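Counting starts at 1 for both ligands and their atoms, following the listed order. So you know, we letter chains A, B, ... as the sequences are listed, proteins then strands, and number each from 1. All heavy atoms count here, side chains included; hydrogens, waters and symmetry mates do not.
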6 protein chains.
Amino acid sequence: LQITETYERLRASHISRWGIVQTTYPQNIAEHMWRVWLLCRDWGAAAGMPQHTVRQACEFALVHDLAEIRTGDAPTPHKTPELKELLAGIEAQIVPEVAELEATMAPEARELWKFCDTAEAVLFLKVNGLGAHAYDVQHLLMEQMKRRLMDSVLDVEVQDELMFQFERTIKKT
Amino acid sequence: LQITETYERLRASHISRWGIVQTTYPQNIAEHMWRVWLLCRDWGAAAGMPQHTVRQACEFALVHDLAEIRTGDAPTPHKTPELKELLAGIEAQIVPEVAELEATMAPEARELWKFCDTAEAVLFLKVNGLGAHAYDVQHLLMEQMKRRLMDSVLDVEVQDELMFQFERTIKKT
Amino acid sequence: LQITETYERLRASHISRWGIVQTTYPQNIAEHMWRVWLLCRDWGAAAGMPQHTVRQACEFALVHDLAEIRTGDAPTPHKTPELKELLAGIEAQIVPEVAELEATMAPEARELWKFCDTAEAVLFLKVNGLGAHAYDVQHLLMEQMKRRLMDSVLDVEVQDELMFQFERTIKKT
Amino acid sequence: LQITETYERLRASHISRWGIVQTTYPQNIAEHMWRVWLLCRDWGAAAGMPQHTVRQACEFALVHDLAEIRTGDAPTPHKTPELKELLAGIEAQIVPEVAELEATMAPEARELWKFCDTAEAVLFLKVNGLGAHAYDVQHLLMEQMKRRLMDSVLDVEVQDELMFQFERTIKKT
Amino acid sequence: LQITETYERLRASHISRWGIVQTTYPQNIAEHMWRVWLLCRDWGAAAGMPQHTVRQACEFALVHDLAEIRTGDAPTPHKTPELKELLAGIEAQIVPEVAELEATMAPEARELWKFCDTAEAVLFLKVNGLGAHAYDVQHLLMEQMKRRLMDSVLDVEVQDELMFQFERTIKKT
Amino acid sequence: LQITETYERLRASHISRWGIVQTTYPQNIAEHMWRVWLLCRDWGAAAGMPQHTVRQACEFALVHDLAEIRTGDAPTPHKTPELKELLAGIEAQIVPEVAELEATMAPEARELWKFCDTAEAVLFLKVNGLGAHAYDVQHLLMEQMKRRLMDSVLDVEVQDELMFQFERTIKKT
Ligand SMILES: Nc1ncnc2c1ncn2[C@H]1C[C@H](O)[C@@H](CO)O1
Ligand SMILES: Nc1ncnc2c1ncn2[C@H]1C[C@H](O)[C@@H](CO)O1
Ligand SMILES: Nc1ncnc2c1ncn2[C@H]1C[C@H](O)[C@@H](CO)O1
Ligand SMILES: Nc1ncnc2c1ncn2[C@H]1C[C@H](O)[C@@H](CO)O1
Ligand SMILES: Nc1ncnc2c1ncn2[C@H]1C[C@H](O)[C@@H](CO)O1
Ligand SMILES: Nc1ncnc2c1ncn2[C@H]1C[C@H](O)[C@@H](CO)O1
Ligand SMILES: [Li+]
Ligand SMILES: [Li+]
Ligand SMILES: [Li+]
Ligand SMILES: [Li+]
Ligand SMILES: [Li+]
Ligand SMILES: [Li+]
Ligand SMILES: [Zn+2]
Ligand SMILES: [Zn+2]
Ligand SMILES: [Zn+2]
Ligand SMILES: [Zn+2]
Ligand SMILES: [Zn+2]
Ligand SMILES: [Zn+2]
């Protein structure tokens with residue numbers, strides 16, 4: 001069950017996202033993780049967050065979905081609290097090193113990562129989603145991203161910078 | 001959570017299989033279910049199974065993966081007994097009519113359907129799988145299909161006809 | 001010429017539709033037939049049509065394009081009366097069992113199937129058509145579907161239910 | 001019915017070949033016609049055919065499938081003599097200028113074009129065909145190409161040069 | 001370095017355009033060159049340009065990007081004067097016969113070809129571009145095409161006919 | 001010319017590799033950079049290289065191809081010394097921060113990165129290359145990778161560990 005080999009980790013590019021949403025092509029988790037990393041790096045800096053916090057978010061961004069090489073990527077609405085509890089234990093056996101990183105993340109780093117993880121998905125669908133359901137999902141994700149950010153421990157000035165940058169970015173995407 | 005609308009059921013063609021395996025294109029569950037239906041129809045008849053049994057397998061084949069419109073399609077190795085128990089309850093809320101059909105299926109109809117469901121996957125990868133992992137998955141599925149068939153309640157003559165037809169079919173695929 | 005083998009019938013998923021129209025991906029006839037079957041099942045029931053009629057439409061839906069495994073799928077405008085007459089004889093040699101089903105279909109079952117066959121195509125292009133020609137084809141098909149329905153033997157109440165459901169479905173597609 | 005507009009002729013790149021054969025992507029008739037043109041140019045010259053003959057083959061190569069913008073591309077085995085007779089009249093209404101060119105082609109130019117048209121298809125499948133049926137089609141086409149060439153009016157020395165070049169080309173494709 | 005073999009020239013269909021722009025699929029240079037050829041043929045005739053000029057533009061259209069089989073297709077904004085000077089020498093070694101044709105082209109033939117080369121790209125993106133950057137590129141190309149045409153040696157009546165036909169064509173694409 | 005905005009950097013996933021090689025799909029530079037990063041991380045550690053060296057290789061891996069968002073990805077054989085000299089100056093204006101990182105890299109970090117950059121390409125083609133040219137490119141890259149490694153400043157024990165891991169990985173890919 002545990003992922004221990006580079007040949008397995010390389011299969012990040014074989015793991016397709018958006019399994020219940022029509023898209024122009026099957027996005028893989030490697031391109032997703034790179035883009036989330038980029039957002040954490042750029043937007044963490046734009047928001048003036050401490051370097052140690054941005055570094056932690058970026059480190060997690062690059063590995064956070066590796067368990068999906070075994071589990072597959074499952075749709076957000078399907079990940080209820082009960083399923084997430086079961087998946088957390090399974091994922092900790094698959095990638096214990098990722099579980100350890102997740103357990104060490106500071107709340108501010110976690111909230112930067114989560115904002116960027118959802119933002120990347122909205123940005124992806126803006127270009128590559130097809131049809132009414134995909135459009136609804138894009139907009140639902142954007143609402144969820146904003147609600148989570150607003151209720152988070154991030155300072156309001158940081159929240160505002162993240163939304164400033166998100167909106168500038170999506171307009172040009 | 002429950003799927004009640006035709007516009008949702010049409011999204012069977014938006015649900016991608018093989019989320020952890022490299023393939024030439026993203027196969028959807030609609031084409032999968034049609035092909036499983038075809039195999040149940042043709043191979044149930046070739047094996048001389050009673051018409052009522054073949055009909056039940058075929059009816060289930062056409063709807064059996066509909067819950068994935070909500071849950072996504074998850075990889076076989078990930079569906080452990082504990083996860084399947086949780087998924088069974090969730091899936092019964094998503095598509096109660098499919099759960100009712102599953103609970104009424106005769107063992108012989110279930111075993112025909114399961115053979116055909118796995119055979120379809122092997123046949124798909126024979127053409128459309130890419131790389132060493134996909135090749136291994138194709139062959140693992142074929143071994144699992146044979147083991148399940150051999151240990152099933154189907155008469156040995158039926159088992160042999162199903163394997164006769166499977167092998168003739170894959171040679172020409 | 002006759003299709004007699006399961007390995008050939010499985011090639012339904014190798015037969016590409018929309019050969020003269022730009023689309024986001026090549027839809028095959030297996031996913032098309034599954035979706036037409038679904039529409040016949042759901043919309044026949046919504047319209048209160050007799051169970052025997054809906055069953056006949058659904059049975060035909062699952063096999064109706066099998067001859068295309070040999071002939072290819074040809075564009076609707078190209079299928080003039082003279083070509084259709086020639087194709088009918090060829091198709092009857094390719095899939096005599098499908099020709100027999102077609103010759104037994106009740107008019108109401110035929111009109112349900114034809115409505116759903118065209119509706120599926122409109123719905124597909126709504127999501128997956130690309131460019132001005134594809135848009136025109138989508139809208140032409142919708143006009144043809146409505147005209148055929150209005151001139152059909154189906155009761156006006158059935159016609160209205162079919163259009164009610166079609167319009168609700170396409171809005172959400 | 002007649003194609004008269006550049007916007008319609010540009011849809012050559014919207015017309016997909018291989019409608020009954022699994023391929024890695026949907027090849028269009030524009031890339032096909034360019035490649036057939038290239039083969040006529042290069043192999044006609046290699047074979048020492050008169051410039052006027054090579055020019056005629058090349059001119060036809062660039063337009064020969066334009067009627068498919070209306071008719072679709074249909075599979076070779078389906079084009080029986082009776083269907084071809086009907087299609088010839090339809091195609092002459094669609095693209096009268098192409099029909100006029102075809103009626104003026106010298107036999108040697110026609111045989112160069114036909115060799116190259118089939119060779120291009122073999123070469124395409126060598127790279128992009130998927131599965132056993134596609135492999136069989138590739139090899140059937142190669143046999144048909146050779147038989148037609150051997151029975152043609154082309155001098156044996158020309159036949160041999162065409163096969164010399166075909167075999168060198170496919171080895172490196 | 002020099003391209004001398006048909007198997008290499010056939011790789012025109014392996015050379016992907018739009019390497020920095022999101023598109024629905026990877027357009028190759030063979031389909032591009034066919035479409036540019038078509039535009040030169042049709043629009044040169046519509047504009048009443050001399051047959052010898054249209055022929056020269058068409059001949060160049062069919063081969064003009066062959067060096068990209070070695071160099072790759074590079075984005076227009078990246079091709080600065082300094083890079084183009086270096087590329088011109090490299091391309092002349094790759095395809096000396098294409099360089100010779102380019103050096104013989106009459107200015108009016110060159111301007112017809114260049115208009116059509118850019119028009120084809122705009123028309124392609126109209127259908128197949130995805131996202132805001134692709135939209136901007138489509139519109140930038142259209143502005144560049146118009147500016148080059150207006151400043152060219154082509155008579156104003158020819159310029160107007162080319163724009164008349166371009167606008168009619170894109171409206172229907 | 002300079003890339004300064006997150007919306008531009010996100011277009012890493014819009015930049016297609018393998019522009020002159022047939023592949024099953026268009027790989028983008030984001031998935032490439034993630035995979036190169038992974039190889040640097042895993043294989044640098046397996047080889048016992050100092051943490052500071054592996055970190056530097058990994059940092060560069062994640063950004064090293066960003067200039068291609070403007071320049072496009074060009075084929076290795078085309079990047080002659082003269083072209084690389086010109087590109088180095090252009091790329092330094094596009095992404096000065098990447099040029100600064102490149103100029104600070106220790107030789108051992110550079111050689112780890114270069115090994116992994118080429119290995120990733122071989123591994124990609126092993127799964128996704130199509131046809132004889134792609135096969136030749138895969139094997140040429142593997143020979144180039146080995147020659148560069150053997151002539152590098154890396155200790156022989158490090159070279160051997162890198163080849164040990166590469167060969168184990170490709171066998172399972
Ligand atoms: N509302 C939604 N409906 C369907 N799919 C969704 C939704 N939100 C996110 N996703 C996708 C994105 C990833 O593939 C996966 C979560 O990482 O789920
Ligand atoms: N061993 C396996 N590894 C990865 N994927 C697999 C395996 N077996 C089946 N599948 C896929 C097929 C369906 O998408 C889904 C089950 O219906 O899982
Ligand atoms: N007006 C039209 N123009 C082009 N293609 C069309 C049109 N109507 C239907 N189709 C397609 C759908 C199927 O592939 C096939 C008929 O089943 O034709
Ligand atoms: N034996 C065959 N089976 C299936 N398809 C075939 C066969 N031969 C040619 N083709 C395809 C190539 C074009 O799409 C079209 C003829 O131009 O038919
Ligand atoms: N402004 C632009 N940005 C990005 N890509 C562009 C632009 N203009 C043209 N192209 C593409 C089309 C061909 O692939 C190639 C030139 O033949 O460059
Ligand atoms: N020999 C070769 N022929 C063609 N393409 C090649 C070759 N080697 C590498 N590549 C590709 C990989 C990247 O897209 C790009 C370099 O990063 O060039
Ligand atoms: Li999807
Ligand atoms: Li997959
Ligand atoms: Li199409
Ligand atoms: Li095909
Ligand atoms: Li692109
Ligand atoms: Li490529
Ligand atoms: Zn994620
Ligand atoms: Zn199934
Ligand atoms: Zn149909
Ligand atoms: Zn042809
Ligand atoms: Zn060009
Ligand atoms: Zn690189």
Can you label the angle between the E/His64 ring and the E/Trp113 ring as parallel, tilted or perpendicular, going by 30° and 60°?
->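 The rings of E/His64 and E/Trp113 stand perpendicular, inter-plane angle above 60°.
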Step through the shown structure and confirm whether more than 12 heavy atoms of other residues, nucleotides or ligands are within 6.0 Å of NZ on D/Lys79.
->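 Atom NZ in D/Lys79 is packed in, count exceeds 12.
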Please say whether more than 12 non-hydrogen atoms of neighbouring residues, nucleotides or ligands are located less than 6.0 Å from NZ in D/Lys172.
->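 12 or below, so no.
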Run the side-chain donor-acceptor check on residues 129-140 of chain C: report pairs under 3.5 Å with partners two or more places apart or on a different chain.
{"from": "C/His133", "atom 1": "ND1", "to": "D/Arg11", "atom 2": "NE", "distance (Å)": "3.4"}
{"from": "C/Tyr135", "atom 1": "OH", "to": "C/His139", "atom 2": "NE2", "distance (Å)": "3.2"}

Any ion pair linking D/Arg70 and D/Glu8 (charged N to carboxylate O, less than 4.0 Å)?
->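 Salt bridge present between D/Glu8 and D/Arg70.
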Do any N or O atoms from the side chain of A/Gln22 and from the backbone of C/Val127 form a donor-acceptor pair under 3.5 angstrom?
->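 Checked: no pair found.
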Protein N, O or S atoms less than 2.8 Å from the Zn ion (ligand 17), ignoring waters?
->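 Per the 2.8 Å query on the Zn ion (ligand 17), atoms found are E/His32 NE2, E/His64 NE2, E/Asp65 OD2, E/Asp117 OD1.
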